[PDB]
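Side chains included, hydrogens not; waters and symmetry mates left out as well; all remaining heavy atoms used. In what follows, every chain begins at residue 1, and chains take the letters A, B, ... in the order their sequences are listed.
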2 protein chains.
Amino acid sequence: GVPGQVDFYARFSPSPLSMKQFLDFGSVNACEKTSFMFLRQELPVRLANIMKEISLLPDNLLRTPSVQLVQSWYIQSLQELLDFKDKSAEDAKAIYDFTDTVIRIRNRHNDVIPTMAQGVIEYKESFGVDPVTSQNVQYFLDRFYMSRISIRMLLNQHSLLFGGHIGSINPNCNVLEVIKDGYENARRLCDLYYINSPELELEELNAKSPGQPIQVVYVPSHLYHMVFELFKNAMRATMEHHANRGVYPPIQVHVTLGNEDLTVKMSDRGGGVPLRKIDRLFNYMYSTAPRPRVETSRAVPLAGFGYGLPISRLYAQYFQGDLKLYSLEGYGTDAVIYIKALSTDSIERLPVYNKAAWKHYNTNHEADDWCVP
Amino acid sequence: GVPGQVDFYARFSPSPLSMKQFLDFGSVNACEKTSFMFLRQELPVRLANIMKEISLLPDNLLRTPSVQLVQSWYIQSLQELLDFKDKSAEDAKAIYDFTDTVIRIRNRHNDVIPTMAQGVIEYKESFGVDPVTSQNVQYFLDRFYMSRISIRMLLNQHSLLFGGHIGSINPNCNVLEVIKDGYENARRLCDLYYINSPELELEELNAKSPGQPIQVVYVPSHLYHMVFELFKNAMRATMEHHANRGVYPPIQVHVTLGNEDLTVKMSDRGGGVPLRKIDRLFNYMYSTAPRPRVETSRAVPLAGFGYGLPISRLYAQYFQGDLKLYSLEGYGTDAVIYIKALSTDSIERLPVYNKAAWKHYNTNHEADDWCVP
Ligand SMILES: Cc1cnc(Cl)nc1-c1ccc(N(Cc2ccc(CNC(=O)C(F)F)cc2)C(=O)c2ccc(O)cc2O)cc1
Ligand SMILES: Cc1cnc(Cl)nc1-c1ccc(N(Cc2ccc(CNC(=O)C(F)F)cc2)C(=O)c2ccc(O)cc2O)cc1
Ligand SMILES: Cc1cnc(Cl)nc1-c1ccc(N(Cc2ccc(CNC(=O)C(F)F)cc2)C(=O)c2ccc(O)cc2O)cc1
Ligand SMILES: Cc1cnc(Cl)nc1-c1ccc(N(Cc2ccc(CNC(=O)C(F)F)cc2)C(=O)c2ccc(O)cc2O)cc1
Ligand SMILES: [K+]
Ligand SMILES: [K+]
């Protein structure tokens, strides 16, 4: 039945695309039939691969109402896509119906990330963090959210190209404009909560072509989400660390375009965090708190906004970038986004379900070749 | 014979000590008999554990004359220490002879690190980098050099305490003075090679106790070696990146003492390195070059000095610190030393030979749970 369908498509590996391919495959003669032939296999493959790992979750997380809802959305979308596997690519009605289905799935899966996050809240509310399976939850969520980002990318591209900027990709994404947009939105929320906010000091270096505007091929909303998250963190740190003084140091952002890397470095004077404690910030169980209640006029704390640091790092890593933190405890913190400057180096990073993935859920990863202390 | 002796002591695990224990065990009533009872077991254990891994090296590396020499030094030292296993701790002559043996071994093992490094040079000269075993060489060298650092620490402590500052530990190591010493020695060599050098801009924050000198319990030479390495790197980068202009930006160092971390951050404007290429800098095969020839009056390139980046990071990690690089390609690089501010958190990080270690030499570590591209 459904287990048989999931098993069939989970045998296959997802096929990673580059940003250059996304761009090229949807510009001149963007071909809906070609997208159909690809996506009627690729979407079931990507859904089925991650659905196998949902099934490996600790029972107390798997059974939460929010996870059950996400799983039922994936099951229903898988079945609806599989209705097309035996249609002909020259059947115009089948092509039109497939695009309608993609658009429908795109809307249905619109709040997958907040709903999975609420399952994690339900889980640690009703049972706590079982330490034995907590490595499994961390491993799963990195892969589920990356999978979701990759599925959203395909749904967006097909819906935007054929539901009637290349799709959601801007071939000339203006990096500094996105950064200023992130700063202004974060500052607005900072002002509401702290009644003040740090100024922005922005510096840029186009090493590739000095003095020229810094542009890359990118999905602007991905960059926005990452820079918003980092501004929010640096503002919370600055405003709370210097609350007694009432004088708030600026947040400095340094943007550099090198031969290979676009780098966005954000520096604050928020007092920092010791190295021992920094990796908790990328842990889902540690970083998920119940969302603020609706029924209040009081300003929402900054922690109540954004995708969070782990998902932000996944956005960077999705196209072979990264997001790294390094702090000087007592002084402040540097946060750095790395993005590939070239669209041909920007290849999807996708999880795959196989024996190695399954073994991860059933092994303990203890570095016994070094002394414990 | 010797295999039987190595096998016997390699069954045991090394016993990590904290800096606070090193300090306390050698101050009031520093007891030579107590050190003897500990070290006549601990030194054979640490030697035997790493000797088992020497034996796992690729034959073409193991058979180099330099590795054979290091191995013969370890074999001879192991046997000489084992002569004491059945002596009585109340035999004053045995105690005196043991201290003499420790002092002798300390001198004999004095150039273990340069000799092992020359074996690596011989290896990649005569056969190249066999890609199948190159993961093994990297794994081994991290562990061999850390082991050597730990054995040197024990030999130094016993020799300095009983061969007649607590041993080699300064309970009040003046961090900024060591940093300036590293800068001045690096600058001297930079001037000789480039006929100019960057200035030092030094800033400090004692968050723990503002305005007070920054001091920690530490081994000053370990800190010196790390900061020298980083100065040398930042000077090479600055002088070569700005050679055309003839104006050289300073190297900025920011020292912070937090509740938990002593941090030393070194920033340069040397043009940086892309993220994809930064990890090669910690790879022994990549970072080992033949040493400069003696028979020349020409200034020695900066790369010919120091322990190198991998060993420098091992020095940081030896007492639960770290050494991290983050670069903005096109602009410059930040290098950060992390040191535990408290002697009780500074616990030896020691490799141990067991089934997990052996499996590392006989497995391939391929992240098959993610798509390759
Ligand atoms: C055209 C289109 C529009 N919108 C979307 Cl979301 N996707 C597409 C699309 C993307 C890839 C393909 N693939 C699938 C595909 C999959 C992977 C790759 C490269 N990556 C790998 O091989 C991976 F396995 F490592 C390239 C192409 C093709 O084989 C293909 C590409 C161009 C073309 O003119 C005709 C085609 O049939 C087809 C359609
Ligand atoms: C993870 C997170 C999520 N949402 C929000 Cl609003 N803030 C955080 C968060 C922000 C800053 C930090 N800290 C540590 C920290 C924690 C609390 C404070 C405020 N408290 C005080 O200083 C006062 F208690 F002394 C300051 C700094 C950093 O140094 C830091 C981390 C990431 C980053 O991108 C930028 C950063 O500055 C930790 C968590
Ligand atoms: C006194 C001395 C001088 N110089 C040197 Cl290099 N070492 C020593 C020395 C260090 C430790 C010990 N150990 C060995 C030892 C080993 C490990 C630890 C802590 N670490 C662990 O247990 C490790 F396994 F995790 C503590 C002590 C003791 O058991 C010991 C300590 C103090 C004392 O007054 C009497 C003693 O017999 C003995 C001598
Ligand atoms: C690893 C190493 C060993 N010994 C010596 Cl003398 N230098 C190096 C080395 C130094 C700097 C780098 N680069 C990259 C690099 C390489 C060459 C140059 C010089 N060449 C040019 O800029 C010119 F070609 F354009 C500059 C920067 C850095 O950005 C960097 C790395 C570590 C560090 O602690 C500090 C750093 O600045 C790489 C290797
Ligand atoms: K699969
Ligand atoms: K052992």
task = Identify which part of B:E203 has an atom lying under 4.5 Å from any heavy atom of chain A, answering side chain, backbone, both or neither.
result = side chain

task = Just give me the residue among A:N206, A:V336, A:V352 that pairs up with chain B most often, heavy atom to heavy atom, under 4.5 Å.
result = A:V352

task = Scan B:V273, B:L281, B:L275 and name whichever one has a side-chain contact (heavy atoms from CB on, under 4.5 Å) with B:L325.
result = B:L281

query = If you count heavy-atom pairs under 4.5 Å between each of B:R276, B:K355, B:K324 and chain A, which one has the most?
reply = B:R276

inquiry  = Is B:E366 in contact with chain A via its backbone, its side chain, both, or neither, using a 4.5 Å heavy-atom distance?
reply    = neither

message = Just checking A:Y286: does its OH atom have more than 12 heavy atoms from other residues, nucleotides or ligands closer to it than 6.0 angstrom?
response = no

ask   = If you count heavy-atom pairs under 4.5 Å with chain B, which of A:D368, A:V372, A:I347, A:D345 comes out on top?
value = A:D368

query = Who among B:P351, B:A356, B:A357 has the most heavy-atom pairs with chain A under 4.5 Å?
reply = B:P351

request  = Compute the centroid of each ring, for B:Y145 and then for B:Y284, and state whether the two points are separated by less than 6.0 Å.
outcome  = yes

inquiry  = Using a 4.5 angstrom heavy-atom cutoff, name the option from B:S327, B:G272, B:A341, B:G271 with the most pairs to chain A.
reply    = B:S327

key: Partner set under side-chain contact (heavy atoms from CB on, under 4.5 Å) for B:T256, not counting sequence neighbours   = A:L328, A:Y331, B:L205, B:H254, B:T263

key: Pairs of heavy atoms under 4.5 Å with chain B: top-ranked of A:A207, A:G330, A:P373   = A:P373

inquiry  = Strictly below 4.0 Å, N to O, side chains only: are B:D261 and B:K340 in salt-bridge contact?
reply    = no

Report all side-chain donor-acceptor pairs from residues 12-20 of chain A shorter than 3.5 Å, counting only partners two or more places apart or in another chain.
residue	atom	partner	partner atom	Å
A:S15	OG	A:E42	OE1	3.4
A:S18	OG	A:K20	N	3.4
A:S18	OG	A:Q21	N	3.0

